[PDB]
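Below is one structure, written out as structure tokens, with a few remarks after it.
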Amino acid sequence: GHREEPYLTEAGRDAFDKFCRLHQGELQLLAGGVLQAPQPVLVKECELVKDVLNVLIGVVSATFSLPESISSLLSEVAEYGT
Amino acid sequence: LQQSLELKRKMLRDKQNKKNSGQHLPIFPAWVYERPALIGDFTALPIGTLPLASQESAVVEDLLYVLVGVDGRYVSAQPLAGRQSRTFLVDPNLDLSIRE
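Going down the list, the sequences are from chains L and M.
FYI, the numbering for the first sequence is 305 to 370, 390 to 405, going by PDB author numbering.
FYI, the numbering for the second sequence is 150 to 191, 201 to 258, going by PDB author numbering.
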């Protein structure tokens, strides 16, 4: 064997990162280079959730003082605590 | 603790002159007033560079000392020892999640 070589539809934690990096770079070219969002993920999942848990206390955190589509996800979950 | 020694004596003289049915009112000794050792509120490192799951234990132990007036380890008791209150200073390099 060698395998039937898994598609982009199947594999989703390494090809997912590859696609995320690629569409991020494509959008940055389509604007020109004045957008600039590195890292398809980062910091982690749990760290950002604990950050948002501290946002609901109504005080400072590590990303506020109180893909790249994470900010659209992050705004409604921070605006609960604001 | 030192500044109060004046006000006490002027107030005592006011009541000593007034008393005509007696003389000689008593006082408590000077070390009741002067010493910051009879009250509850009388080497180090930056706490921020420590790992997080040791920082929580260290800061909690320090704070429990701090509440009862005893000076901390990574919380320094700022200088006073006159009137009422006192202030304490935790390090501003402590991790944000703990610090808030």
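Backbone N, C-alpha and C define an ideal beta-carbon position, used for all residues, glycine too.
In the three-state scheme derived from DSSP, where H, G and I count as helix and E and B as strand, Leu254(M) is classed as helix. Straight through space, the alpha carbons of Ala186(M) and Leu222(M) are spaced by roughly 19 Å. Counting other Cβ atoms within 10 Å of its Cβ, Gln328(L) reaches 16 or more and is therefore classed as buried. For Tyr182(M), the CB contacts under 7 Å within the same chain, skipping 5 residues up- and downstream, are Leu150, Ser153, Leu154 in chain order. About 6 Å separates the beta carbons of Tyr403(L) and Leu360(L), which is inside the 8 Å limit, making them a contact pair. Against chain M, the beta carbon of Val356(L) has no neighbour under 7 Å; the closest one sits roughly 12 Å away. Burial state of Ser365(L) is buried, judged by a 10 Å Cβ sphere holding 16 or more other Cβ atoms. Going by C-alpha positions, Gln343(L) is about 7 Å away from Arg325(L). Note that the C-beta distance between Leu370(L) and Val400(L) is not below 7 Å. Rounded to whole angstroms, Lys159(M) and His173(M) show a C-alpha spacing of 15 Å. For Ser234(M), the enclosing beta strand (DSSP E) starts and ends at 233-235. Not a single CB atom of chain M sits nearer than 7 Å to the CB of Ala319(L). Pairing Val224(M) with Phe246(M) gives a Cβ-Cβ distance under 7 Å.
Its Cα nearest to that of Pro178(M), the residue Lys157(M) stands out among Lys157(M), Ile256(M), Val248(M). The C-beta of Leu161(M) has fewer than 16 other C-beta atoms within 10 Å across all chains shown, which makes the residue exposed. Any Cβ of chain M closer than 7 Å to the Cβ of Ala366(L) would place that residue at the interface, and such an atom is present.
None of the residues of the stretch 208-229 of chain M has a beta carbon lying less than 7 Å from any beta carbon of chain L.
When Cβ-Cβ separations below 7 Å define contact, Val363(L) makes contact with chain M. Under the DSSP assignment, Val248(M) falls in the beta strand (DSSP E) whose first and last residues are 246-248.
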